[PDB]
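Please read the structure below before turning to the comments.
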Amino acid sequence: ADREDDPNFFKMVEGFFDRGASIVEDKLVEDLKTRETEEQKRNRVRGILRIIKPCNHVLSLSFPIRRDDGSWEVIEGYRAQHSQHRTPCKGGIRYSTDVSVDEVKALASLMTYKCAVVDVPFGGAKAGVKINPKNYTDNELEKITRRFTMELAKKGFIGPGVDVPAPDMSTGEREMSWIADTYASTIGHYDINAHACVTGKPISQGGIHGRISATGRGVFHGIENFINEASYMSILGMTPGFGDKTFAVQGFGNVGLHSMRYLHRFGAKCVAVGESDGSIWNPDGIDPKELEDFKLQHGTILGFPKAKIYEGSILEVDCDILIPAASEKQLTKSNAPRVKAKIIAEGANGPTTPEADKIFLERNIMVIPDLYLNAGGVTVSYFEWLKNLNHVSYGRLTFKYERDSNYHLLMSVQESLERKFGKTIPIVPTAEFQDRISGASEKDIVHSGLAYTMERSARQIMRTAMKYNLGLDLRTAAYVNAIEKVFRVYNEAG
Amino acid sequence: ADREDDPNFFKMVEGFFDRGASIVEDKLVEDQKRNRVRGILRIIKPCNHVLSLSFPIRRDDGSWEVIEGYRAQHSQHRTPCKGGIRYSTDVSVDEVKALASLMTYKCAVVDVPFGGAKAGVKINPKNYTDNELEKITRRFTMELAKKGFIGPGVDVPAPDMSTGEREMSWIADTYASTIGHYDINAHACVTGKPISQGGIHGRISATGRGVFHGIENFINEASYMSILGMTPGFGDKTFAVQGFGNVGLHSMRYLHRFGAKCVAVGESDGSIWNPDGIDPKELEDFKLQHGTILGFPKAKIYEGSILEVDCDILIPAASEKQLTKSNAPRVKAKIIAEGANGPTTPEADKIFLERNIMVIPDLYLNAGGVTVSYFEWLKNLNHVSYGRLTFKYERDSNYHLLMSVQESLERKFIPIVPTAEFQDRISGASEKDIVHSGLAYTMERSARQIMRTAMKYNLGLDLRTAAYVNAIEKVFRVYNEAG
Amino acid sequence: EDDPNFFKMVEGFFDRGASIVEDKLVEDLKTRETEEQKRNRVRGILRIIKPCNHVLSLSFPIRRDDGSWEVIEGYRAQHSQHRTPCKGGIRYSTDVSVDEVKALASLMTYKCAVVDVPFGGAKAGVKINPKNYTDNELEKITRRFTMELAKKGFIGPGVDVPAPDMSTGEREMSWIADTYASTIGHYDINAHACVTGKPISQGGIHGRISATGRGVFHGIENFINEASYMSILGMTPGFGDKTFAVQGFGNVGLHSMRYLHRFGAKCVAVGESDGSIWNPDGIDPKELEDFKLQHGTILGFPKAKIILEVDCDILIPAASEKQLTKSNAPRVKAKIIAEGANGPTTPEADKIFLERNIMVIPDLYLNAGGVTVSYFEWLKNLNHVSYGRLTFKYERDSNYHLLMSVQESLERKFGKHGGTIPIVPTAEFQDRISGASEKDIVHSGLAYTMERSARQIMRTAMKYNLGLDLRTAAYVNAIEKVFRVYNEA
Amino acid sequence: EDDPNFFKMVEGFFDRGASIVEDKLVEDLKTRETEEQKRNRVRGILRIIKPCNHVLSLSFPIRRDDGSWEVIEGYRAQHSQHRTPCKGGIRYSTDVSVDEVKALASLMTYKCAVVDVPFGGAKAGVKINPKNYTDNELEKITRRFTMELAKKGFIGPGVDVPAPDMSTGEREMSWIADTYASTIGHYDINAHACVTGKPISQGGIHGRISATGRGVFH
Ligand SMILES: Nc1ncnc2c1ncn2[C@@H]1O[C@H](COP(=O)(O)OP(=O)(O)O)[C@@H](O)[C@H]1O
Ligand SMILES: Nc1ncnc2c1ncn2[C@@H]1O[C@H](COP(=O)(O)OP(=O)(O)O)[C@@H](O)[C@H]1O
Ligand SMILES: Nc1ncnc2c1ncn2[C@@H]1O[C@H](COP(=O)(O)OP(=O)(O)O)[C@@H](O)[C@H]1O
Ligand SMILES: Nc1ncnc2c1ncn2[C@@H]1O[C@H](COP(=O)(O)OP(=O)(O)O)[C@@H](O)[C@H]1O
């Protein structure tokens with residue numbers, strides 16, 4: 001089981017909504033410009049906040065599967081659609097015996113608010129199939145995936161304009177490919193956008209370039225947008241920028257490895273890396289390429305030659321930035337006063353308890369919340385869906401056009417200078433620009449789309465925080481920002 | 001709350017399936033082979049789909065309210081699904097799942113080609129105005145339609161004791177105006193509709209007439225009656241009805257019409273008794289002017305149920321647990337006719353089997369409304385009332401037959417005219433007569449099917465197990481022969 | 001039907017009927033509302049019913065056979081959707097207008113309601129004179145008009161089902177169905193139900209050509225067999241010893257004469273556009289039809305002398321023209337006026353007939369047999385089978401088994417002494433069994449429809465104390481039915 | 001735009017323009033036809049372009065906030081379908097007429113063609129004075145009018161895309177999109193493209209408020 005399977009995490013998400021809804025309520029009635037009495041206005045605001053909170057639809061399924069040995073098995077599955085204020089719905093599919101209707105409902109609500117902070121036009125959704133994937137062959141997993149897709153499609157729980165699922169830590173790109181293939185072959189055969197019914201697909205099936213590193217890149221951009229803001233950094237007693245900064249990552253998965261790599265690339269020194277099985281530490285620095293290569297040949301980071309065996313988690317290691325990148329409860333009321341980092345970057349869902357949040361606010365520690373920082377994969381999910389709607393890879397028709405314009409601009413500078421100083425002044429691209437031009441592909445535009453989203457959303461969260469004088473309570477600002485946006489869609493629709 | 005809201009009634013339905021499935025299992029393999037039979041029985045048992053909804057409603061005072069609702073579709077072996085909608089704070093997902101499964105087996109015993117379904121909206125209708133009940137009904141219809149939980153060929157809802165024909169009219173009107181606007185059969189998305197909206201004639205008494213026909217089919221079978229020590233027919237028979245709603249009143253009026261004497265009538269507030277007989281028209285008129293049957297001049301008051309009154313036929317016509325292990329040995333009736341769902345516990349069933357008391361089960365006896373539901377759905381598909389083009393044709397053929405007999409006899413040797421009863425049948429011929437014949441035929445065919453199933457498995461007076469086995473055999477064959 | 005005064009008539013008939021039902025509708029309401037709110041609901045619903053809900057005006061191009069282009073103007077009004085699909089004819093005439101198409105659509109709503117045909121009213125008009133176009137150009141106009149209606153929800157088996165008119169026929173209806181089924185309704189299993197009046201080879205129904213005439217007979221028969229209404233007119237029930245006169249010897253007039261004569265009524269006079277004939281001893285319909293088929297006219301008929309004021313019991317205006325006005329209404333000698341066509345009696349003549357105790361059976365009911373059979377054609381196309389196809393042989397065997405049972409029972413009762421008692425069908429029954437086809441079931445459906453609607457109109461007239469004002473009773477009956485659909489929805 | 005003389009003006013502008021292009025259009029025809037048949041094609045096509053192809057007149061009920069019912073009269077003309085969808089505003093005014101809606105639809109066809117906007121012209125009018133109605137009643141009118149247009153092919157992302165007017169605004173456009181996406185266009189991924197002039201929170205575009213003024217400058 002994960003932190004996302006924990007019933008206490010579901011109560012947390014509900015509490016974050018309740019806190020945010022009570023803060024926006026008073027300001028929403030003032031901004032209502034409708035020709036109603038003040039009593040009608042408050043009823044409308046409270047009424048809409050009451051509609052937003054619960055999941056609109058939950059589908060429970062029972063479907064048969066014939067095992068490879070010939071015996072039959074009844075599979076139990078569910079999918080919750082929290083909100084339709086934005087269609088289609090969006091959300092992953094978990095294959096786990098630890099799934100429940102309450103999990104699927106809470107994670108669907110979390111997805112609604114996460115999409116709203118990063119301006120992704122989808123309501124939240126979440127599915128769960130109550131099976132342990134380790135107990136099934138690839139053929140049986142395909143049968144389960146294809147039949148589950150069929151039952152969701154017949155009831156409006158999968159479709160390019162209805163609900164677009166995605167993979168999870170328990171599911172992958174091959175299962176997403178089977179979902180799209182089943183939908184396009186049967187229910188969505190007459191739909192030109194049938195392959196946009198699901199994201200996380202392989203590149204050969206309509207997948208998007210830049211999906212594997214989307215979350216890690218989003219964690220970097222999120223830290224970057226706050227670490228370059230001198231107003232927030234002066235409050236933490238630090239200088240802006242990644243230079244002369246130290247960081248520690250708890251969880252060396254795909255998000256842990258990618259964050260570690262991009263922070264290192266910008267001058268930040270990794271002093272410690274934590275894993276499910278022990279931790280490593282080096283105050284002089286840990287190279288991400290050397291550590292990734294070690295883990296790929298030994299299965300673990302334990303025994304890394306250029307680091308010491310640190311006992312337990314690295315949450316209390318002396319660093320500037322702490323990055324919880326694993327889906328588990330890590331920061332609690334007992335270890336929050338022992339945290340030595342000034343910035344806590346949540347690169348996973350729910351690593352900090354509400355009691356730890358309170359301690360961090362008292363200690364002037366900035367927590368960049370999961371609702372914002374863990375939205376990179378969600379942002380590139382949106383771009384994959386758009387790519388399938390577009391029916392073309394990003395930049396396909398404009399890369400060569402841009403390249404010729406760049407050369408024409410450099411030639412114009414060269415000719416103008418030769419004319420001004422008389423007669424050669426060669427104006428050529430740098431080694432880095434030439435490499436960008438030669439290797440120009442879809443991933444560069446997806447990375448750009450993600451960087452712009454994390455930057456625009458960081459400023460939105462900073463503005464929402466300064467409006468309600470929340471200071472370093474970025475989590476409440478992100479929830480208030482999400483609830484304000486969802487409220488306005490319902491209010492202006494009638 | 002009702003007996004249909006009780007969690008113990010859900011366990012009962014599950015137990016009836018488990019009992020029936022273990023009995024058919026051995027005979028199904030005869031007709032790797034045991035894996036297919038057990039596998040299909042494992043697929044049949046749980047509900048395939050359950051939809052949970054949360055939808056807003058603006059009250060008449062201006063305030064908003066979030067309404068919680070659900071709809072379960074137990075089976076799609078037959079499409080569309082079919083099942084009522086309950087408006088009650090006592091509804092639950094487990095209720096809606098168990099009642100959907102009950103509807104799959106009930107439809108199968110009466111050869112109604114629908115999978116089972118059931119909906120529930122967690123509200124107390126007494127706390128809402130008619131305008132608010134319309135808002136709830138129309139929004140619930142919209143949310144079901146968008147997810148495949150209402151449609152002429154997908155899922156056809158119906159009313160309940162908590163809902164009526166006005167709500168069904170709103171469902172059909174909302175569906176035909178929005179989601180099903182392009183569907184020629186949009187008005188077939190729901191049954192229990194008023195006549196002005198595509199409803200069928202003969203829907204009001206459908207359940208009551210089904211109870212009468214169900215009883216009549218066993219009461220006129222001398223093989224079953226000799227085992228109970230009785231003569232066939234309703235003549236010289238006595239009966240008692242527990243629950244004087246619409247089913248109890250109709251069943252009382254129909255048995256009386258055929259010679260059976262009503263010795264006792266039970267109600268939620270006390271009961272009345274007269275060994276010489278109670279007239280149904282006199283009792284109905286008394287209740288319509290006083291609100292209760294208490295104080296009826298031609299009967300004596302009794303504080304308690306009539307379940308232990310000396311009679312031949314006992315008719316539990318109210319949806320509540322009445323026959324339990326404590327009062328089952330005190331029952332003096334030889335036939336127990338279940339006019340409501342779940343009035344007898346499994347422990348009482350066992351006592352009745354030991355005492356040679358025949359229990360006509362609810363799965364069969366309470367399927368008259370479900371049968372005429374099928375006919376209303378067919379009427380909306382047909383887009384014409386039953387008999388509209390053939391009544392006059394039949395009348396002319398009958399007159400031509402009588403004229404042929406008259407002419408042949410006058411040639412050989414004489415007015416040949418219809419009887420007063422036949423003339424009245426011809427003159428008053430309307431849709432209700434075809435619906436009544438269709439219901440009587442269904443009840444008669446299903447009774448013989450249940451009798452043959454009971455004789456095939458040597459079940460004797462265990463008609464409930466026979467009805468469940470009959471239903472499971474039919475549902476199994478659809479899955480098995482489809483692949 | 002092109003006359004603006006006829007549109008004002010239909011509007012006036014609605015206004016008269018709506019004011020009569022208004023008081024009884026509030027009293028019959030069982031809703032949880034105040035009395036002032038219940039009155040607002042009744043007037044509000046009557047205000048919704050009166051005007052046409054939708055009117056579509058079209059402009060579409062046509063390439064003439066000479067190569068030149070022409071812009072054709074057309075319209076279709078759907079008066080009501082309380083019952084879907086809509087139903088109504090298509091007129092090809094330069095005299096069509098939006099007001100015509102709106103008034104005739106409203107008339108069709110009330111006509112469908114009195115005979116329990118579940119369709120809202122509709123009417124289309126294409127502003128062209130069909131005599132100025134070739135068959136190829138008429139096909140082009142028909143197919144393009146069908147396309148423009150289909151794209152806007154003005155034709156479809158479950159949306160709007162058009163029909164022919166006096167200006168249009170079965171070939172045009174066939175082109176409508178063929179255009180719809182080949183393009184917009186290609187994926188519809190019921191595409192051929194998008195229009196009625198089709199030829200038999202295209203899904204048409206048997207019994208369509210004589211539908212109006214059979215309905216005119218059945219409408220008369222249902223009031224003539226009612227002793228209560230006949231005692232008020234000083235007559236005995238039944239067609240025996242009854243005399244009748246028919247004004248207009250077309251398909252309706254001839255058929256009405258043919259069926260009335262078959263039941264004992266004696267035709268004393270027949271009127272035509274060119275003169276009239278008269279014989280108090282009787283005129284044979286078969287002899288008169290054969291004479292007209294070989295001479296083009298009824299003038300010079302040997303068994304008659306060379307008819308609204310003729311002494312008879314039943315007067316049947318069967319031609320679409322103003323015949324009964326305030327000037328000749330006091331000279332009418334008939335006790336029953338059977339309107340076999342639209343608008344033969346003015347409102348002033350209706351008043352005179354009510355004062356003189358003359359029963360006028362209204363066109364809204366009596367001239368609705370064609371509409372009744374149109375519903376059956378639409379049903380036939382939905383059924384995808386002809387009526388009786390699977391049951392004629394079954395019924396025949398049951399009839400023989402019944403006669404055999406009577407024969408065996410009598411031979412058993414009277415013994416061998418006496419002999420065989422053959423029980424065989426009459427010559428008429430044998431002919432019915434041998435020639436059993438769809439038209440016999442369509443004729444049954446029509447007779448039952450007229451019978452049931454006659455009793456409904458009688459009950460409405462008794463409910464509102466209208467007496468012999470059957471026109472107001474038919475309009476009130478139609479408005480009550482349309483109101484109840486809106487109110488209970 | 002309510003003035004009958006303005007409608008005659010638009011008709012006169014078309015007649016003037018059509019007579020000028022007529023002579024040059026026959027020369028540019030490269031089809032294998034006779035010169036007389038070439039002129040028949042040009043004049044024939046100009047005769048098709050001039051009138052509105054479709055005009056829908058509606059009568060729909062509305063329950064006022066006081067409980068009383070009111071029958072609302074409305075219309076929508078689609079001048080041309082040479083480019084689909086059609087495009088055009090909705091006016092809420094007691095001064096609207098079928099002739100207004102037809103002339104302004106034709107004006108929109110030619111306006112879209114000069115700015116290479118691929119839409120045919122369209123125009124709607126609802127015969128009501130918005131000042132006499134509450135916001136709740138204006139929402140009821142807007143949602144019911146949307147329903148009646150959608151059922152007859154007079155609103156849809158690929159059929160006819162309405163817009164606001166000086167008498168209507170972004171809240172009404174939001175109600176149109178919400179009604180269409182909830183009922184008739186529920187299965188359409190592009191349901192929110194059924195109308196323009198929407199608020200930003202409902203799919204509106206940035207730069208819409210200053211669009212006419214900027215175009216006047218440009
Ligand atoms: N998931 C969402 N829920 C609610 N509102 C949203 C959501 N995503 C975006 N919005 C808001 O809807 C509006 C759409 O604006 P637009 O300019 O089209 O998109 P964006 O600026 O997000 O790229 C913005 O105000 C945006 O903040
Ligand atoms: N709800 C049901 N589930 C399973 N089988 C059914 C159901 N209803 C009917 N059947 C069976 O399906 C078959 C249909 O037979 P058919 O003669 O067409 O209909 P019926 O005899 O019931 O009028 C029969 O064997 C019938 O018993
Ligand atoms: N065109 C119509 N408009 C309104 N009500 C109608 C119309 N046609 C029929 N009705 C009524 O609707 C109801 C339908 O009853 P039903 O028994 O299904 O049909 P019918 O008896 O006409 O064959 C009847 O009360 C009938 O009078
Ligand atoms: N509303 C319209 N009606 C007719 N032709 C149009 C209309 N809008 C654009 N066109 C023409 O159609 C062609 C489309 O050309 P294209 O290059 O695809 O578009 P554009 O140049 O307008 O961006 C052009 O010749 C353009 O002038």
Side-chain angles (χ1 to χ4, degrees), chain B residues 44 75-79 81-82 103-116 187 193-202 367 370-371 374 376 379-380 382-389 391 430-432 434-435 438 441-442 445-446 449 470-482, chain C residues 49 80-84 86-87 108-121 371-372 375 379 445 448-449 452-453 456 477-489, chain D residues 49 80-84 86-87 108-121:
Chain B
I44 293 169
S75 194
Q76 278 102 18
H77 75 288
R78 284 279 110 104
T79 59
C81 288
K82 198 84 187 58
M103 182 65 56
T104 293
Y105 310 126
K106 178 171 291 183
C107 283
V109 326
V110 288
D111 299 311
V112 163
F114 304 136
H187 290 96
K193 299 187 300 300
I195 264 72
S196 74
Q197 314 290 308
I200 199 163
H201 288 100
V370 171
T371 299
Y374 170 45
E376 184 183 336
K379 180 193 176 163
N380 295 129
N382 297 342
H383 288 84
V384 66
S385 63
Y386 283 100
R388 173 100 186 231
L389 284 102
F391 282 136
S430 68
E431 173 165 86
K432 60 166 166 37
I434 289 177
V435 175
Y441 183 84
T442 293
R445 194 174 58 181
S446 293
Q449 282 173 356
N470 182 266
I472 294 163
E473 277 183 344
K474 292 173 178 176
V475 176
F476 176 89
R477 193 185 277 246
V478 175
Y479 278 95
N480 179 48
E481 296 183 0
Chain C
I49 294 169
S80 191
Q81 279 101 19
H82 75 288
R83 284 279 111 104
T84 59
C86 287
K87 198 83 187 59
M108 183 65 55
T109 291
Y110 310 126
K111 179 166 289 184
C112 282
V114 314
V115 290
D116 299 313
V117 167
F119 304 135
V371 156
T372 299
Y375 169 45
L379 293 174
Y448 183 84
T449 293
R452 193 176 58 183
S453 298
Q456 282 172 358
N477 182 264
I479 295 163
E480 278 184 340
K481 290 173 177 175
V482 176
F483 176 89
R484 194 173 282 250
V485 175
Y486 279 96
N487 180 49
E488 297 184 357
Chain D
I49 294 169
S80 178
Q81 278 101 19
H82 75 288
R83 284 279 110 104
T84 59
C86 294
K87 198 85 187 59
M108 178 73 44
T109 294
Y110 310 126
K111 177 172 290 184
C112 286
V114 326
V115 287
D116 299 312
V117 161
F119 304 136

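Order of appearance sets the numbers: ligands from 1, and atoms from 1 within every ligand. Every chain is numbered from 1 and lettered A, B, ... according to where its sequence line falls, protein lines coming before strand lines.
The shortest contact between atom 14 (C) of ligand 4 and any protein heavy atom is with D:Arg83 NH1, 4.7 Å. Nearest protein heavy-atom neighbour of atom 23 (O) of ligand 3: B:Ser385 OG, 2.6 Å. Here the protein heavy atom with the shortest distance to atom 9 (C) of ligand 4 is D:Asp116 CA, 3.5 Å. Residue, atom and distance of the protein heavy atom nearest to atom 16 (P) of ligand 3 are B:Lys379 NZ, 3.3 Å. In terms of protein heavy-atom proximity, atom 13 (C) of ligand 3 is closest to B:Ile195 O, 3.6 Å.
Checking atom 18 (O) of ligand 4 against the protein gives no heavy-atom contact under 4.0 Å. At least one protein heavy atom sits closer than 4.0 Å to atom 5 (N) of ligand 4. Distance remark: protein heavy atom present below 4.0 angstrom from atom 2 (C) of ligand 4. Closer than 4.0 Å to atom 21 (O) of ligand 2 lies at least one heavy atom of the protein.
Near C:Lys481, meaning under 4.0 Å from one of its heavy atoms, ligand 3 places the atoms 4 (C), 5 (N), 27 (O). Under a 4.0 Å criterion applied to the non-hydrogen atoms of C:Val485, ligand 3 contributes the atoms 4 (C), 5 (N). Near B:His201, meaning under 4.0 Å from any of its heavy atoms, are these atoms of ligand 3: 17 (O).
In this structure, CG on B:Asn470 lies 7.5 Å from OG on B:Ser446, to the nearest 0.5 angstrom. We find the OG-NZ distance between B:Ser385 and B:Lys379 to be 5.5 Å, quoted to the nearest 0.5 Å. Taking NE2 of B:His187 as the reference point, atom NZ of B:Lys193 lies at 8.0 Å (rounded to 0.5 Å).
Residue-ligand proximity: B:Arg445 is placed with a non-hydrogen atom under 4.0 Å from ligand 2. Residue contacts with ligand 3 include C:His82, since one of its heavy atoms falls under 4.0 Å from the ligand.
When heavy-atom distances to ligand 3 are checked against a 4.0 Å cut-off, B:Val384 has no atom that comes that close, whether in backbone or side chain. Neither the backbone nor the side chain of B:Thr104 comes within contact range of ligand 2; no heavy atom lies under 4.0 Å. Here C:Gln456 has no heavy atoms under 4.0 Å from ligand 3, in either its backbone or its side chain. Counting heavy atoms closer than 4.0 Å to ligand 3, residue B:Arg388 contributes side-chain atoms (C-beta onward) but none from N, CA, C or O.
Using the six-membered ring where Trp is involved, B:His77 and B:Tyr479 have ring planes that are parallel, under 30° apart on the 30 and 60° scheme.
Side-chain N or O atoms of D:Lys87 include none that pairs as donor or acceptor with a backbone N or O of D:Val117 at under 3.5 Å.
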(Q) Could you walk me through whether D:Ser80 and D:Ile49 satisfy the side-chain contact (heavy atoms from CB on, under 4.5 Å) test, starting with their C-alpha distance in whole Å, then the side-chain angles of each, then the deciding distance to 0.1 Å, before giving a yes or no? (A) CA-CA 7 Å; D:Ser80 178; D:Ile49 294 169; over 6 Å; no
Q: Test B:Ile200 against B:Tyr386 for side-chain contact (heavy atoms from CB on, under 4.5 Å), laying out the working first.
A: CA-CA 9 Å; B:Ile200 199 163; B:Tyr386 283 100; 3.8 Å; yes
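Here the closest non-hydrogen pair linking C:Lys481 and C:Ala113 is NZ-O, 2.9 Å. The shortest heavy-atom contact between B:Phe391 and B:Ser430 is CZ-O, 3.3 Å.
Here's the thing with C:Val117: one of its N/O atoms is less than 3.5 angstrom from an N/O atom of ligand 3.
For CZ of C:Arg452, the number of neighbouring non-hydrogen atoms (other residues, nucleotides, ligands) closer than 6.0 Å is greater than 12. Heavy atoms from other residues, nucleotides or ligands lying under 6.0 Å from NZ of D:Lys111 number 12 at most.
Under the side-chain contact (heavy atoms from CB on, under 4.5 Å) test applied with C:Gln456, the options C:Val115, C:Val114, C:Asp116 reduce to a single match, C:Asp116.
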